[PDB]
């Protein structure tokens, strides 16, 4: 199965880096996808990396999120720049094989600094 790390809570504009570690029967050739689920909304593909390392991104994250892989560890990474409140959700790794997910929260508070 798969294990997601790296979730957390950041103020809008912030950065997070998720990782998804594969174990056992998972083949790199099958590729990997990062999905996102918000309450009462349908699961949405966020980013995908094929066995041949071709990348694809949902239009809602194009230009902000990138996906990559460490082939030898079979670990897939989601770099999330310029986070927005709408990016708040549980993020799942998929190959199908699903994971427990990791929570991402993007706050939108104002400070006097």
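Residue numbers count along the first chain shown, from 1.
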Task: Unmodelled deposited residues between residue 95 and residue 96, binned - done: 4 to 9
- [ ] On mean C-alpha B-factor from the PDB entry, just flag whether 26-34 or 74-82 is the higher one.
- [x] 26-34
- [ ] Could you settle it for me: does 2-10 or 104-112 have the higher average Cα B factor in the PDB entry?
- [x] 2-10
Open item on the list: How does the C-alpha B factor of residue 48 compare with the rest of the chain: lowest, middle or highest third?
Closed with: middle
Open item on the list: Considering every modelled residue of the chain and its Cα B-factor in the PDB entry, is residue 60 in the lowest, middle or highest third?
Closed with: middle
- [ ] Relative to the other modelled residues of the same chain, rank the CA B-factor of residue 54 and answer lowest, middle or highest third.
- [x] highest
- [ ] Grab the CA temperature factor for residue 20 from the record and place it in the lowest, middle or highest third of its chain.
- [x] middle
